[PDB]
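Notes to accompany the following structure.
Laboratory data are not the source of any read-out in this text; all were calculated from the coordinates shown. Cβ coordinates were reconstructed from backbone atoms using ideal geometry, including for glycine residues, and neighbour counts include every protein chain displayed.
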Amino acid sequence: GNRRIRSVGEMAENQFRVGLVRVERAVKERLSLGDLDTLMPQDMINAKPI
Amino acid sequence: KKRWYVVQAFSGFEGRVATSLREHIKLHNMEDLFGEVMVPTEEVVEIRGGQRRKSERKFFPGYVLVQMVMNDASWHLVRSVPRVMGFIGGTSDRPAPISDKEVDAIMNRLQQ
Amino acid sequence: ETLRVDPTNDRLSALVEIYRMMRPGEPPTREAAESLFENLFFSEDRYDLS
RNA sequence: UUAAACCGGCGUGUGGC
DNA sequence: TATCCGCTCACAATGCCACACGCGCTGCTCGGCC
DNA sequence: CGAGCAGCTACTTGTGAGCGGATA
């Protein structure tokens, strides 16, 4: 009753959140100096870290 | 007096660390307490001759020593921005900066 | 006894001591001790009791 | 100078005794 | 100013064998003496 | 131009000794 089981889903979600906080920091560092009407919201994010 | 305090940071992106530190200064309009970055990585080879032109425009240790009259809130600011690996100096964490003679030395390094 | 063994009595000095114990040194002036103590346990970002 | 002959370090996981 | 009381860190944890896998991408900065 | 640096944990337990320390 004091021991909980985590399946593949919960651990995959944990890893996905670990990647999401990193790409959030990335887009925060990118948006801190970005101006208006220069790009579409595609280069702000990256796919290699996740 | 706006002293020149030396700080080490997460290297590699040191120029971008300096720009982010500047953005954090201008966010809270901290230019009262603070100055500029002084990253004189300015060994300025331009041998743009035949067969090779990629010259090393940058050479200096990864220190971005910033002019500022120090306050503990200022210390926690310069530590609040990421990539601030070491705020070096002999202290617990509230150090004394380099003297003015090394300010002249870094002026020489900038001019060169 | 836990009270008399505590060298600090006000929230101010208590914050300074809890910050010195959390991060060795980094002497604040009513700035980072409270911030770290509030960000350590009460922030939803760094605390995820599901 | 020439000839002949010869020429797995680390971690991880699993399982077994 | 000596004597226990407690804090803090190092050092260690059967032996073999068998099998298998994974030990990254890109940008910057510094090193220069074939 | 090439290479190196770097940026994108919380239940081990025992045994032991060295170092404050506190308390007269």
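Residues that are of a type outside the set (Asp, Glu), over 16 Å from C:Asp45 (Cβ atoms) and in a helix (DSSP H, G or I) were ranked within region A:27-50; the one that is farthest from DNA strand F (Cβ to nearest atom) is A:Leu31.
Close contacts from region A:14-39, counting a first residue that is surrounded by 12 or more Cβ atoms within 10 Å (Cβ to Cβ) and a second that is assigned to a helix (DSSP H, G or I) and not polar (S, T, N, Q), with Cβ to Cβ under 6 Å and a gap of 6+ residues or different chains, come to A:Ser32/B:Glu23. Working only within region B:22-38, note down all residues that are within 14 Å of another protein chain (Cβ to nearest Cβ) and in a loop (DSSP other than H, G, I, E, B). Of everything in region B:22-38, those that are within 14 Å of another protein chain (Cβ to nearest Cβ) and in a loop (DSSP other than H, G, I, E, B) turn out to be B:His28, B:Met30, B:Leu33.
When region B:39-59 is filtered for residues that are more than 6 Å from DNA strand E (Cβ to nearest atom) and closer than 12 Å to B:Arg109 by Cα, the ones remaining, listed by number, are B:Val39, B:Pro40, B:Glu42, B:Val44. One residue stands out in region B:72-92 among those that are among the polar types (S, T, N, Q) and surrounded by fewer than 16 Cβ atoms within 10 Å (Cβ to Cβ): the one that is nearest to DNA strand F (Cβ to nearest atom), namely B:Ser80.
The residue of region C:1-45 that is farthest from the other protein chains (Cβ to nearest Cβ), among those that are among the small types (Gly, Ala, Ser) and part of a loop (DSSP other than H, G, I, E, B), is C:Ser43.
Quick check on this structure: which one of B:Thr41, B:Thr19, B:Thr91 is within 13 Å of the chain's Cα centre (by Cα), within 12 Å of another protein chain (Cβ to nearest Cβ) and of a type in the set (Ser, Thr, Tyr)? Selected residue: B:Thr19, the only one of B:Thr41, B:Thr19, B:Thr91 that is within 13 Å of the chain's Cα centre (by Cα), within 12 Å of another protein chain (Cβ to nearest Cβ) and of a type in the set (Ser, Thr, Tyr).
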